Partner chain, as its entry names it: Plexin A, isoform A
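A lone chain, given as structure tokens: the form deposited without the partner chain.
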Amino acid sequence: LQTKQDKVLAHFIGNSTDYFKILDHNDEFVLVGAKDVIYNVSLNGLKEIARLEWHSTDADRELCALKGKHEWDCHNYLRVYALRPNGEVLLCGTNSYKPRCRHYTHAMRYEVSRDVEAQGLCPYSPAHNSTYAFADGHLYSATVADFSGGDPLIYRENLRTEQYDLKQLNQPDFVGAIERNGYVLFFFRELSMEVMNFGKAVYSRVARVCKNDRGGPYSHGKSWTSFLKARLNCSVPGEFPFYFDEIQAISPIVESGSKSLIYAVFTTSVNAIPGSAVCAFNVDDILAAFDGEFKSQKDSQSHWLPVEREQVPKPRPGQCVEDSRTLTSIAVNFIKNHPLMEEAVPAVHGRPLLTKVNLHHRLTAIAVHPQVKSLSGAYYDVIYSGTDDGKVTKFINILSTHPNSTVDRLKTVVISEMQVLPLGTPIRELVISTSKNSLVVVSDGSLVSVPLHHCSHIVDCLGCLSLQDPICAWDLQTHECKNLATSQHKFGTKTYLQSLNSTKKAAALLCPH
């Protein structure tokens, strides 16, 4: 008991073989894609509401086992859900390495409207290496097209990345896909070509495609004409920067004031000492990287600089043209030859928001409660991160202006680090329901509900101030640590105490004797 165990509110337990995956969630209900089943689960008590079962035919499982896969692989793990603009429901599952998609239509309705192949639209294995995004009525999938797992692609409406071309994709493991401003952004880690000796170094990338892409002319009609990617830069600055090059998870786009943010979790490679980090990226900075120079093709010398400014095609590559079929073969071949941008995307504040180095666990999940108003009146993003150990870490960031020198100092206020899952089980995903004050930890075979904020669970004044949660404040009128977002303060907060910009011992000093 070196770390305290968190107060588990509710639990939804399945077998370890289930390999749960969250498909859709809001503040009240969440969908869980599992082995042969997808679950509609209410968030107040983690109680099941609606169940849809879908099993592989014995013909499908037999051929799957004949294909050389084990029993746990020869099932139907549901991995793709989308609410179509017709009110229909789209469901796709692995189906024992024979992926298929279906359309569906108090009261539970389960009528199979359609059933068709899902090659390139759905993964073959429950492995969490692939992602998707349903944007403007189409499915933008990033997965493998083959049974062996050696043909990665990004696909949508018969438009795919170049097959067996390592310049666009080099053994990628996808971690997420976000729609934004007429683009679809993909986040993944892959092998690096830009290194001089082509060494097996993993780099983290953000890639984008135009949604209005209609392909190129002639043989380019089945390939993207707007595929670009840039490296993500999550590193500790210095004379010798310390990089976290393997992205592991991302959060949805967070709205923090006038800025749109994406929080991501990075780990170090196997050689550098084991390390984890949380970096945030500005969406305006991500989109700006695709306005820069193009990294030239890895020529034999490999010391080549970015492409000459006069060598880029007449319209800029990656710019969403109305009809991309009118583009020339020279312009389409160019963006196929130079899909990698020269400059990398810088992280917000130019450094990780949290680092974890030389520890017996790595960060795995991420979730954000944005713009929590502190007692003082400032707004902070409360960031949640999970580990392969089963722990959850709350923290906020405070940036100091001229505290000692003109250089700004960014500090990390760790709110709590508690054990949530059994000490062995890793944390796959994190879902936040602010209205129910619930953080839902997701493992392979369980959902666990723990309080999003422990204001109502602490009774001591010293603990209410030492917690340094921007949402918990201590009322002196009534000895009760109150939640500023949920609890009602009709008599005002003038008698409240909170200290976020101090030491955890300096905060408890403000608390009365």
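Residue numbers count along the first chain shown, from 1. What we label the rigid core is the largest C-alpha set whose atoms superpose within 1.5 Å from one form to the other.
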For this session: Count, per the entry, the deposited residues between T105 and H106 that are not modelled, and return the matching class: none, 1 to 3, 4 to 9, or 10 or more.
Result: 10 or more
Seminar exercise, completed: Assert higher mean C-alpha B factor (84-92 or 130-138, deposited values) equals 84-92
Exercise. 181-189 versus 430-438: which one carries the higher mean Cα B factor per the record?
Worked result: 430-438
Seminar exercise, completed: Per the deposited entry, the peak Cα B-factor within the set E157, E322, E308, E246 goes to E308
For this session: Using the temperature factors in the entry, find which of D388, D165, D213, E417 has the highest value at its Cα atom.
Result: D165
Seminar exercise, completed: The third of the chain into which the C-alpha temperature factor of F281 falls is the lowest
For this session: Give the position of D469 by CA B-factor within its chain, expressed as the lowest, middle or highest third.
Result: lowest
Exercise. Would the CA B-factor of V357 place it in the lowest, middle or highest third of its chain?
Worked result: middle
Exercise. Lowest, middle or highest third: where is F227 by Cα B-factor in its chain?
Worked result: lowest
Exercise. Going by what the PDB entry lists, where does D173 fall on CA B-factor within its chain: lowest, middle or highest third?
Worked result: lowest
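Here the subject shifts to the form deposited with the partner chain bound, a form of this protein not shown in this document.
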Seminar exercise, completed: Of the candidate stretches 50-58, 440-448, 66-74, 458-466, the one with residues having heavy atoms within 4.5 Å of the partner chain in the deposited complex is 66-74
For this session: Go through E343, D151, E194, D285 and name the one with a heavy atom inside 4.5 Å of the partner chain in the deposited complex.
Result: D151
Problem set entry | Option touching the partner chain, based on a heavy atom within 4.5 Å in the deposited complex, out of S435, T105, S400, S219 | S219
Problem set entry | Contact label in the deposited complex: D165 to the partner chain, heavy atom within 4.5 Å | yes
Exercise. Is there a heavy atom of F147 no more than 4.5 Å from a heavy atom of the partner chain in the deposited complex?
Worked result: yes
Exercise. For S329, is any heavy atom within 4.5 Å of the partner chain in the deposited complex, or not?
Worked result: yes
Exercise. With the cut-off set at 4.5 Å between non-hydrogen atoms, does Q119 touch the partner chain in the deposited complex?
Worked result: yes
For this session: State yes only if every one of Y155, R160 and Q171 has a non-hydrogen atom within 4.5 Å of the partner chain in the deposited complex; otherwise state no.
Result: yes
Seminar exercise, completed: A Cα shift of 2 Å or more between this form and the one not shown, after fitting the rigid core, is seen among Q171, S302, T326, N333 only at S302
Exercise. With both forms fit on the core, has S466 moved 2 Å or more by CA between this form and the one not shown?
Worked result: no
Exercise. After fitting the rigid core, is the C-alpha of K504 off by 2 Å or more between this form and the one not shown?
Worked result: no
For this session: Could you check whether the CA atom of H11 moves 2 Å or more between this form and the one not shown, using the rigid core for the fit?
Result: no
Problem set entry | Relative Cα spacing, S449 and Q488, in the deposited complex - shift of 3 Å or more | farther
